[PDB]
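Structure data follow from run04.cif (mmCIF, C-alpha atoms and all ligand atoms):
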```cif
data_protein
loop_
_atom_site.label_atom_id
_atom_site.label_comp_id
_atom_site.auth_asym_id
_atom_site.auth_seq_id
_atom_site.Cartn_x
_atom_site.Cartn_y
_atom_site.Cartn_z
CA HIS A 6 54.90 12.23 76.62
CA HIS A 7 53.42 12.48 80.17
CA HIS A 8 51.02 15.33 80.97
CA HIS A 9 48.93 16.55 83.81
CA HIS A 10 45.64 14.74 84.38
CA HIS A 11 42.47 16.89 84.61
CA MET A 27 55.46 17.98 83.74
CA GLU A 28 52.75 20.13 82.22
CA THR A 29 49.32 20.76 80.81
CA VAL A 30 49.44 20.89 77.01
CA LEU A 31 46.84 22.78 74.99
CA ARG A 32 46.82 22.26 71.24
CA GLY A 33 45.76 24.97 68.86
CA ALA A 34 45.15 25.27 65.14
CA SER A 35 45.31 28.04 62.58
CA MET A 36 44.78 27.94 58.83
CA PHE A 37 47.27 30.79 58.34
CA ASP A 38 50.94 31.67 58.86
CA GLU A 39 52.30 33.93 61.61
CA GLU A 40 51.39 37.10 59.66
CA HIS A 41 47.59 36.69 59.83
CA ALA A 42 45.49 38.29 62.55
CA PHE A 43 43.95 34.96 63.67
CA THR A 44 47.39 33.43 64.28
CA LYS A 45 48.45 36.64 66.05
CA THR A 46 45.29 36.51 68.17
CA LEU A 47 46.01 32.92 69.18
CA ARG A 48 49.60 33.86 70.06
CA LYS A 49 48.27 36.74 72.16
CA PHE A 50 45.89 34.32 73.91
CA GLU A 51 48.81 32.06 74.75
CA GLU A 52 50.91 35.02 75.98
CA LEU A 53 48.13 36.25 78.24
CA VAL A 54 47.33 32.88 79.76
CA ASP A 55 51.04 32.58 80.60
CA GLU A 56 51.12 36.08 82.14
CA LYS A 57 47.96 35.52 84.20
CA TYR A 58 48.15 31.92 85.31
CA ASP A 59 50.01 31.43 88.53
CA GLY A 60 50.80 27.99 87.13
CA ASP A 61 52.27 26.01 84.23
CA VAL A 62 50.72 25.49 80.79
CA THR A 63 52.26 24.72 77.40
CA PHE A 64 50.69 25.75 74.08
CA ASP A 65 51.33 23.99 70.80
CA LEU A 66 49.85 25.99 67.95
CA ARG A 67 49.75 24.20 64.63
CA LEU A 68 49.80 26.73 61.81
CA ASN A 69 49.44 26.88 58.08
CA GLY A 70 46.39 24.61 58.05
CA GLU A 71 48.56 21.65 59.07
CA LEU A 72 45.51 20.23 60.86
CA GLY A 73 42.91 21.05 58.24
CA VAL A 74 40.37 23.85 57.88
CA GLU A 75 37.58 25.20 60.10
CA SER A 76 35.08 22.46 59.10
CA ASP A 77 37.64 19.96 60.45
CA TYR A 78 38.40 22.02 63.54
CA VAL A 79 34.78 22.30 64.64
CA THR A 80 34.26 18.51 64.61
CA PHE A 81 37.53 18.04 66.55
CA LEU A 82 36.33 20.46 69.25
CA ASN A 83 32.90 18.81 69.40
CA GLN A 84 34.66 15.46 69.94
CA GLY A 85 37.07 16.82 72.57
CA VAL A 86 40.15 15.40 70.80
CA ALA A 87 42.84 16.42 68.30
CA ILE A 88 42.85 20.15 69.14
CA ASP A 89 41.81 22.14 72.24
CA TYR A 90 41.39 25.68 70.85
CA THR A 91 41.14 27.73 67.64
CA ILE A 92 39.02 30.51 66.03
CA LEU A 93 35.85 29.68 64.04
CA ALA A 94 33.40 31.46 61.81
CA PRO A 95 29.77 31.15 62.94
CA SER A 96 28.79 30.04 59.43
CA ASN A 97 31.27 27.16 59.62
CA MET A 98 29.60 25.83 62.83
CA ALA A 99 26.01 25.35 61.57
CA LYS A 100 26.16 21.51 61.58
CA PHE A 101 26.68 21.58 65.33
CA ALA A 102 24.73 24.75 66.34
CA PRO A 103 22.15 25.93 63.80
CA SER A 104 21.48 29.26 65.54
CA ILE A 105 25.04 30.48 65.75
CA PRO A 106 25.31 31.74 62.14
CA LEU A 107 22.97 34.56 63.23
CA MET A 108 25.97 36.04 65.08
CA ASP A 109 27.44 37.61 61.94
CA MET A 110 25.12 36.74 59.13
CA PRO A 111 25.38 38.84 55.97
CA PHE A 112 24.09 42.43 56.16
CA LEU A 113 23.50 42.20 59.95
CA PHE A 114 25.80 45.14 60.78
CA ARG A 115 25.41 48.67 59.36
CA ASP A 116 29.03 49.50 59.89
CA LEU A 117 31.97 49.05 62.27
CA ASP A 118 30.33 51.25 64.93
CA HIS A 119 27.28 48.91 64.97
CA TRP A 120 29.43 45.81 65.04
CA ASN A 121 31.42 47.26 67.94
CA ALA A 122 28.29 48.14 69.89
CA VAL A 123 27.36 44.43 69.73
CA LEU A 124 30.66 42.85 70.78
CA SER A 125 30.92 45.37 73.62
CA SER A 126 27.68 44.08 75.12
CA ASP A 127 26.69 40.61 76.27
CA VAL A 128 23.79 40.50 73.80
CA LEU A 129 25.11 37.37 72.02
CA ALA A 130 25.00 35.40 75.24
CA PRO A 131 22.07 33.22 74.17
CA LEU A 132 24.06 32.07 71.17
CA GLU A 133 27.13 31.30 73.35
CA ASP A 134 24.84 29.27 75.58
CA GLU A 135 23.43 27.30 72.62
CA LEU A 136 26.89 26.54 71.26
CA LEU A 137 28.07 25.21 74.59
CA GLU A 138 24.89 23.15 75.23
CA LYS A 139 24.36 21.73 71.75
CA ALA A 140 27.93 21.51 70.39
CA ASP A 141 30.03 21.33 73.58
CA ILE A 142 32.18 24.25 72.39
CA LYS A 143 33.03 27.13 74.76
CA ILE A 144 33.43 30.68 73.43
CA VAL A 145 36.27 32.33 75.38
CA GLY A 146 36.45 35.64 73.48
CA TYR A 147 35.72 37.37 70.16
CA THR A 148 38.06 38.38 67.37
CA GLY A 149 37.17 39.36 63.77
CA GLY A 150 36.53 42.74 62.25
CA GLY A 151 37.28 42.01 58.63
CA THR A 152 34.90 43.15 55.93
CA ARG A 153 33.86 40.42 53.48
CA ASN A 154 33.53 41.37 49.81
CA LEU A 155 32.99 39.46 46.56
CA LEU A 156 36.24 38.30 44.95
CA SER A 157 35.96 36.99 41.37
CA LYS A 158 37.85 36.09 38.18
CA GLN A 159 35.95 38.69 36.13
CA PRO A 160 34.44 41.97 37.36
CA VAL A 161 31.09 41.53 39.09
CA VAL A 162 29.73 45.03 39.50
CA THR A 163 26.03 45.08 38.58
CA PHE A 164 22.93 43.02 39.33
CA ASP A 165 23.15 41.74 35.74
CA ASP A 166 26.66 40.41 36.54
CA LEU A 167 25.43 38.87 39.79
CA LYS A 168 22.53 36.99 38.22
CA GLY A 169 23.63 33.36 37.94
CA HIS A 170 27.07 34.20 39.35
CA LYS A 171 28.58 30.91 40.55
CA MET A 172 30.26 31.50 43.91
CA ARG A 173 31.46 29.52 46.90
CA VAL A 174 29.76 30.11 50.26
CA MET A 175 30.39 28.67 53.73
CA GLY A 176 27.96 25.85 54.56
CA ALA A 177 25.54 27.52 56.95
CA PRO A 178 22.15 27.65 55.23
CA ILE A 179 21.85 31.39 55.73
CA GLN A 180 24.90 32.08 53.47
CA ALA A 181 23.39 30.31 50.46
CA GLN A 182 19.96 31.85 51.22
CA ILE A 183 21.39 35.38 51.25
CA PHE A 184 23.27 35.00 47.98
CA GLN A 185 20.36 33.21 46.30
CA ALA A 186 18.18 36.20 47.28
CA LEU A 187 20.74 38.36 45.47
CA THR A 188 20.18 36.15 42.35
CA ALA A 189 23.58 34.41 42.51
CA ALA A 190 24.20 30.65 42.31
CA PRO A 191 25.92 29.75 45.59
CA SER A 192 27.83 26.51 46.08
CA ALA A 193 29.00 25.10 49.48
CA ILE A 194 32.54 24.15 48.48
CA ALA A 195 35.32 23.49 51.03
CA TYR A 196 37.56 26.47 51.77
CA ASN A 197 40.73 24.55 50.81
CA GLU A 198 39.14 23.73 47.40
CA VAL A 199 38.15 27.29 46.44
CA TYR A 200 41.45 28.30 44.80
CA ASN A 201 41.44 25.36 42.43
CA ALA A 202 37.66 25.57 41.86
CA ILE A 203 38.07 29.15 40.62
CA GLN A 204 41.31 28.48 38.72
CA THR A 205 39.63 25.69 36.77
CA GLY A 206 36.36 27.58 36.33
CA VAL A 207 34.01 25.44 38.40
CA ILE A 208 32.99 28.68 40.14
CA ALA A 209 33.59 32.29 39.21
CA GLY A 210 34.41 33.58 42.68
CA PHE A 211 33.79 33.52 46.43
CA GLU A 212 33.67 36.11 49.22
CA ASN A 213 36.22 36.89 51.94
CA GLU A 214 37.84 39.67 53.92
CA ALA A 215 41.16 41.35 53.03
CA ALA A 216 43.46 39.64 55.52
CA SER A 217 42.65 36.08 54.42
CA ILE A 218 42.61 36.97 50.71
CA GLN A 219 46.13 38.38 51.06
CA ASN A 220 47.50 35.69 53.36
CA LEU A 221 46.33 32.75 51.23
CA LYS A 222 46.98 34.51 47.90
CA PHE A 223 43.44 34.11 46.57
CA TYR A 224 44.07 37.21 44.43
CA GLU A 225 46.22 34.99 42.18
CA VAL A 226 43.08 33.32 40.81
CA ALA A 227 40.42 35.98 41.57
CA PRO A 228 41.85 39.49 40.96
CA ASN A 229 38.53 41.38 40.93
CA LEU A 230 37.14 42.59 44.23
CA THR A 231 33.68 44.10 44.52
CA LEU A 232 32.89 46.29 47.57
CA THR A 233 29.63 44.63 48.59
CA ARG A 234 30.79 44.88 52.23
CA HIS A 235 28.21 42.28 53.05
CA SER A 236 29.67 40.95 56.30
CA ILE A 237 31.78 42.29 59.13
CA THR A 238 33.20 39.22 60.76
CA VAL A 239 32.59 38.00 64.28
CA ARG A 240 35.11 35.27 65.05
CA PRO A 241 34.80 33.52 68.40
CA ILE A 242 37.94 32.22 70.00
CA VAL A 243 36.83 28.72 71.03
CA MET A 244 37.96 25.88 73.27
CA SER A 245 36.43 22.44 73.38
CA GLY A 246 33.92 22.11 76.20
CA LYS A 247 35.57 18.84 77.20
CA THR A 248 38.94 20.53 77.67
CA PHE A 249 37.63 23.77 79.19
CA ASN A 250 35.43 22.02 81.76
CA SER A 251 38.30 19.71 82.71
CA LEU A 252 40.66 22.58 83.52
CA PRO A 253 41.17 23.59 87.15
CA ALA A 254 38.81 26.35 88.26
CA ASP A 255 41.49 29.04 88.46
CA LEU A 256 42.75 28.24 84.95
CA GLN A 257 39.19 28.34 83.59
CA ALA A 258 38.85 31.88 84.85
CA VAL A 259 42.23 32.85 83.39
CA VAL A 260 41.27 31.36 79.99
CA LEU A 261 38.14 33.53 79.91
CA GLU A 262 40.06 36.71 80.84
CA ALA A 263 42.84 35.90 78.35
CA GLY A 264 40.32 35.07 75.66
CA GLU A 265 38.44 38.32 76.16
CA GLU A 266 41.60 40.42 75.96
CA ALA A 267 43.05 38.50 73.04
CA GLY A 268 39.77 38.94 71.13
CA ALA A 269 39.90 42.68 71.78
CA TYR A 270 43.48 42.80 70.49
CA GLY A 271 42.63 40.75 67.39
CA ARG A 272 39.63 42.69 66.33
CA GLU A 273 41.34 46.09 66.83
CA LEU A 274 44.13 44.68 64.67
CA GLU A 275 42.10 43.16 61.83
CA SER A 276 39.62 46.04 61.63
CA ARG A 277 42.47 48.58 61.44
CA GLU A 278 44.40 46.60 58.83
CA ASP A 279 41.50 45.62 56.53
CA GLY A 280 41.57 48.76 54.36
CA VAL A 281 45.34 48.91 54.54
CA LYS A 282 45.65 45.39 53.11
CA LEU A 283 43.21 46.10 50.28
CA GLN A 284 45.45 49.06 49.40
CA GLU A 285 48.61 46.90 49.60
CA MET A 286 47.08 44.52 47.06
CA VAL A 287 45.99 47.35 44.81
CA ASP A 288 49.43 48.93 44.96
CA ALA A 289 51.07 45.57 44.20
CA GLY A 290 48.89 45.14 41.10
CA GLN A 291 47.21 42.08 42.64
CA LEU A 292 43.65 43.33 42.99
CA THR A 293 41.33 45.58 41.06
CA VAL A 294 38.78 47.09 43.46
CA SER A 295 35.32 48.09 42.18
CA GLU A 296 32.11 49.42 43.71
CA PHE A 297 28.82 47.54 43.20
CA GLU A 298 26.18 49.56 41.34
CA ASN A 299 23.09 50.19 43.53
CA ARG A 300 24.62 48.18 46.36
CA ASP A 301 22.08 49.44 48.91
CA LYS A 302 19.26 47.68 47.05
CA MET A 303 20.81 44.50 48.48
CA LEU A 304 19.61 45.50 51.95
CA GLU A 305 15.99 45.44 50.85
CA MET A 306 16.33 42.14 49.02
CA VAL A 307 17.94 40.33 51.95
CA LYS A 308 15.53 41.32 54.74
CA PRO A 309 12.93 38.57 54.20
CA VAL A 310 15.61 35.88 54.28
CA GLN A 311 17.11 37.31 57.48
CA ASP A 312 13.71 37.62 59.17
CA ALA A 313 12.73 34.10 58.12
CA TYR A 314 15.93 32.56 59.44
CA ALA A 315 15.62 34.32 62.81
CA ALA A 316 11.99 33.19 63.06
CA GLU A 317 12.94 29.60 62.29
CA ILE A 318 15.48 29.46 65.12
CA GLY A 319 13.26 31.40 67.56
CA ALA A 320 15.60 34.38 67.62
CA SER A 321 13.30 37.10 66.26
CA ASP A 322 13.61 39.15 69.47
CA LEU A 323 17.40 38.81 69.44
CA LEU A 324 17.60 39.93 65.81
CA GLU A 325 15.30 42.95 66.37
CA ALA A 326 17.59 44.09 69.16
CA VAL A 327 20.73 43.93 67.09
CA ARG A 328 19.14 46.05 64.37
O1 LIG A 401 35.34 31.53 54.17
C1 LIG A 401 35.84 30.82 55.08
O2 LIG A 401 35.51 29.64 55.33
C2 LIG A 401 36.91 31.44 55.99
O3 LIG A 401 37.22 32.78 55.48
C3 LIG A 401 38.27 33.39 56.25
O4 LIG A 401 39.49 32.68 56.20
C4 LIG A 401 37.88 33.53 57.75
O5 LIG A 401 36.85 34.49 57.95
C5 LIG A 401 37.47 32.16 58.30
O6 LIG A 401 37.02 32.33 59.64
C6 LIG A 401 36.38 31.53 57.45
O7 LIG A 401 35.20 32.34 57.50
#
```

As structure tokens - that is how I would like this structure written.
Amino acid sequence: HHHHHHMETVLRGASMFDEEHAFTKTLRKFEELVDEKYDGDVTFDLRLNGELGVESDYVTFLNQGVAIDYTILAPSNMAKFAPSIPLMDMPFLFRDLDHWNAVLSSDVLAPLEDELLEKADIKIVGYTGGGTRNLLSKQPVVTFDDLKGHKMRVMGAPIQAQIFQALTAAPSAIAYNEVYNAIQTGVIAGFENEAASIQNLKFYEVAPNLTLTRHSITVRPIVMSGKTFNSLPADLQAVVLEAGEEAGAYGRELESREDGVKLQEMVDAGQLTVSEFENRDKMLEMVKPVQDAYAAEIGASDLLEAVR
């Protein structure tokens, strides 16, 4: 029972997925690297398979500085606590993987890290991600006529609903752990997600039709509560940042390399039908005003212009 006050230091982690998903692998890598680097003793207890909830639960736990110490979070699942952070990977921000890489390789997102720590008391310790989010639906959704009034789940950050509303869909902010049933019972027609999570959680079972809208390339901060991070001894803080950086690099090389491979696995297995979206590039035009407006609202117009 008895731990070190800031025998061992115990850091609790959470993942929504099993051991086969890139996020869980990234968190394992993080734990491995802290152990390698820290001339000291630390114990990690990673709770998998969504045993501790989903990201909307995790972010409140980290803000409170209890329950869990570290995890990975989507920017658009953190909007309640830091309204600017969804800019980090909002839909249609990145042109392609090269663009996305040029961002994560810089320190250009620093202002958003700073806001998250100041407003939400959550410390970014590295970046994973690299999945490409596409529409996944019960029936094919392949034209703007199909998309008009298309009922779909979005994450809760305002920008997600605003983007898909601009594309003429009917977005709904439904909990991630309720999506499968909401589709299966016809409440919504689909959602949007990247290959690795679709495969790992078997969302193809209810939504077999994937449309290549390629509307987000994920940026997924590895996060520790500010309360825990700031409590750690100074040498361990520095190790956590180095470990986090390297683990993020590992995770995003991994997920980005596997994304197309996993789409093909699901096609080959007869689990997904993959379709292009007709006149997809018209989406870029339609989405600009919403993007510009959001950046202006949060006072990040200069930061957005840079990224583009
Ligand atoms: O849509 C979600 O809430 C989740 O989708 C995937 O599992 C991940 O990208 C996760 O971070 C979150 O975005």

Can you check which parts of range 245-314 of chain A lie within 12 Å of range 227-232 of chain A? Per residue, the shortest pair of atoms and distance in Å to one decimal, counting only C-alpha atoms, sorted by chain and number, as JSON lines.
```
{"residue": "A:280", "atom": "CA", "partner": "A:232", "partner_atom": "CA", "distance": 11.3}
{"residue": "A:283", "atom": "CA", "partner": "A:230", "partner_atom": "CA", "distance": 9.3}
{"residue": "A:284", "atom": "CA", "partner": "A:230", "partner_atom": "CA", "distance": 11.7}
{"residue": "A:286", "atom": "CA", "partner": "A:228", "partner_atom": "CA", "distance": 9.5}
{"residue": "A:287", "atom": "CA", "partner": "A:228", "partner_atom": "CA", "distance": 9.7}
{"residue": "A:289", "atom": "CA", "partner": "A:228", "partner_atom": "CA", "distance": 11.5}
{"residue": "A:290", "atom": "CA", "partner": "A:228", "partner_atom": "CA", "distance": 9.0}
{"residue": "A:291", "atom": "CA", "partner": "A:228", "partner_atom": "CA", "distance": 6.2}
{"residue": "A:292", "atom": "CA", "partner": "A:228", "partner_atom": "CA", "distance": 4.7}
{"residue": "A:293", "atom": "CA", "partner": "A:229", "partner_atom": "CA", "distance": 5.0}
{"residue": "A:294", "atom": "CA", "partner": "A:230", "partner_atom": "CA", "distance": 4.9}
{"residue": "A:295", "atom": "CA", "partner": "A:231", "partner_atom": "CA", "distance": 4.9}
{"residue": "A:296", "atom": "CA", "partner": "A:232", "partner_atom": "CA", "distance": 5.0}
{"residue": "A:297", "atom": "CA", "partner": "A:231", "partner_atom": "CA", "distance": 6.1}
{"residue": "A:298", "atom": "CA", "partner": "A:232", "partner_atom": "CA", "distance": 9.7}
{"residue": "A:299", "atom": "CA", "partner": "A:232", "partner_atom": "CA", "distance": 11.3}
{"residue": "A:300", "atom": "CA", "partner": "A:232", "partner_atom": "CA", "distance": 8.6}
{"residue": "A:301", "atom": "CA", "partner": "A:232", "partner_atom": "CA", "distance": 11.3}
```

### Task
Using only C-alpha atoms and all ligand atoms, determine which residues fall within 6 Å of ligand LIG 401 (chain A), then list them as number ranges by chain.
A: 93-94, 175, 196, 213, 217

### Task
For CA of residue 165 in chain A and CA of residue 233 in chain A, quote the distance in Å rounded to one decimal.
14.7 Å

### Query
From the list A:253, A:191, A:151, A:73, which residue is nearest residue 169 in chain A when using only C-alpha atoms?
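Of A:253, A:191, A:151, A:73, the one nearest residue 169 in chain A, counting only C-alpha atoms, is A:191.
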
### Which residue of A:219, A:125, A:180, A:44 approaches residue 156 in chain A most closely, using all atoms listed in the file
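Nearest to residue 156 in chain A: A:219.
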
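When only C-alpha atoms are used to compute distances to residue 154 in chain A, the closest of the residues A:87, A:199, A:54, A:218 turns out to be A:218.
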
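The space between CA of residue 110 in chain A and CA of residue 139 in chain A spans 19.6 Å.
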
## Note on the structure
Closest of A:314, A:78, A:223, A:64 to residue 181 in chain A, counting only C-alpha atoms, is A:314

### Message
So, with only C-alpha atoms as the atoms that count, which of A:312, A:212, A:288, A:89 lies closest to residue 33 in chain A?
### Response
A:89

### Message
Can you tell me which residues surround residue 65 in chain A at a distance of at most 12 Å, considering all atoms listed in the file, apart from same-chain residues fewer than 3 positions away, and format the answer as an NGL selection string?
### Response
:A and (29-35 or 47-48 or 51 or 62 or 68 or 87-91)

### Query
residue 245 in chain A: which residues within 7 Å, counting only C-alpha atoms, same-chain residues fewer than 2 positions away excluded, as a list in words?
residues 82, 83, 85, 89, 90, 141, 142, 143, 243, 247, 248 and 249 of chain A

### Query
So, counting all atoms listed in the file, which residue among A:202, A:315, A:322, A:186 is closest to residue 105 in chain A?
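That would be A:315, the residue with the smallest distance to residue 105 in chain A.
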
### Query
Contacts of residue 97 in chain A at 8 Å or less, counting only C-alpha atoms, minus same-chain residues fewer than 3 places along, as a PyMOL selection string?
chain A and resi 75-76+79+93-94+100+106+175-177

### Query
To one decimal place, how far is CA of residue 271 in chain A from CA of residue 28 in chain A in Å?
27.3 Å

### Task
Kindly provide, as a PyMOL selection string, the polymer residues lying within 12 Å of (26.5, 41.5, 65.8), counting all atoms listed in the file and using the coordinates exactly as they appear in the file.
chain A and resi 95+105-130+132+147+149-150+236-241+323-328

I want to know what sits within 8 Å of residue 279 in chain A, based on only C-alpha atoms, with residues of the same chain fewer than 6 positions away left out; could you give that as a compact mmCIF listing (two decimals) with C-alpha atoms, in the frame of the given file?
```
# COMPACT_ATOMS: atom_id res chain seq x y z
CA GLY A 151 37.28 42.01 58.63
CA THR A 152 34.90 43.15 55.93
CA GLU A 214 37.84 39.67 53.92
CA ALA A 215 41.16 41.35 53.03
CA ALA A 216 43.46 39.64 55.52
```
